[PDB]
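Just the one chain here, laid out as structure tokens, in the form deposited in one PDB entry.
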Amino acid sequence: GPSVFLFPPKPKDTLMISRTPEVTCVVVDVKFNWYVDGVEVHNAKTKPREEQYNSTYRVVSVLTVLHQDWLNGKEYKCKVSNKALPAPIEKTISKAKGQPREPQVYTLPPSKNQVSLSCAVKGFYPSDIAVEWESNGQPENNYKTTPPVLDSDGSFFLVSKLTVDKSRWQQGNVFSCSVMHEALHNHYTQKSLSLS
């Protein structure tokens, strides 16, 4: 039997009008219809088959979606037709339902040749969020962010850890944690870090 998975756009893509958010309908184990709420839609695009180490083909259909539709909770339905199973499989997907809540951002200074800078982001809803670090308006590359964790009041939290040379912290370059979320003004805040 063929098997259908359906994936949401990336958080960052929906929050910035410049980027193009996509809903992806993956099919493992070998047609495509798309609806947004009721309405049938056409702009979807299939991909070159990606054969597998287990005699599987992986066929992927990508539909581009409007930022505002996704944010407003519209529902995306991927009806996969084929021969190797009778009834056309449906999957469906939409943004998590509920009042979006604004992340609260707080940077925390270190307690070797390297120090760990922390950015704790709490109290936000839905869990869709993107975190990034920069210095002198330049992107950092030595950072990792935990997945969102469900807090006891139903909001989410996470922490981002940025690792830099003890020396850069030393002079007092300023380090900046960017956070993007639907509940923030312009979908974007920043908190700032350096030593005192």
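For every residue, the number given is its place in the sequence shown, counted from 1.
According to the entry, the deposited sequence places 4 to 9 unmodelled residues between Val30 and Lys31. Where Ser111 is followed by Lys112 in the displayed chain, the model omits 4 to 9 of the deposited residues that sit between the two. Here 114-122 and 79-87 are compared by their mean Cα B-factor, and 79-87 comes out higher.
Stretches compared: 159-167, 142-150. Higher mean C-alpha B-factor in the entry: 159-167. Comparing C-alpha B-factors across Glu132, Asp69, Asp128, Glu50 in the deposited entry, the largest value falls on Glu50. Across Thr64, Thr56, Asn136, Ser61, the entry's maximum B-factor at the CA atom is seen for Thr56.
Ranked by Cα temperature factor within the chain, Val179 sits in the lowest third according to the deposited record. In the deposited entry, the Cα temperature factor of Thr189 sits in the bottom third of values across the chain's modelled residues. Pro21: CA B factor lies in the middle third for its chain, per the PDB record.
Heads up, the form deposited with a partner chain bound isn't pictured, but that's what we're talking about next.
Taking the partner from the other structure, the partner chain in the bound PDB entry has no heavy atom within 4.5 Å of any heavy atom of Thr24. For the chain shown alone, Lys10 is not a contact residue for the partner chain in the bound PDB entry, no non-hydrogen atom being within 4.5 angstroms.
Proximity of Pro139 to the partner chain in the bound PDB entry falls within the 4.5 Å heavy atom cutoff. Under a 4.5 angstroms non-hydrogen atom cutoff, the partner chain in the bound PDB entry has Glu134 among its neighbouring residues. Every residue in the set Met16, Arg19 and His67 has a non-hydrogen atom no more than 4.5 Å from the partner chain in the bound PDB entry.
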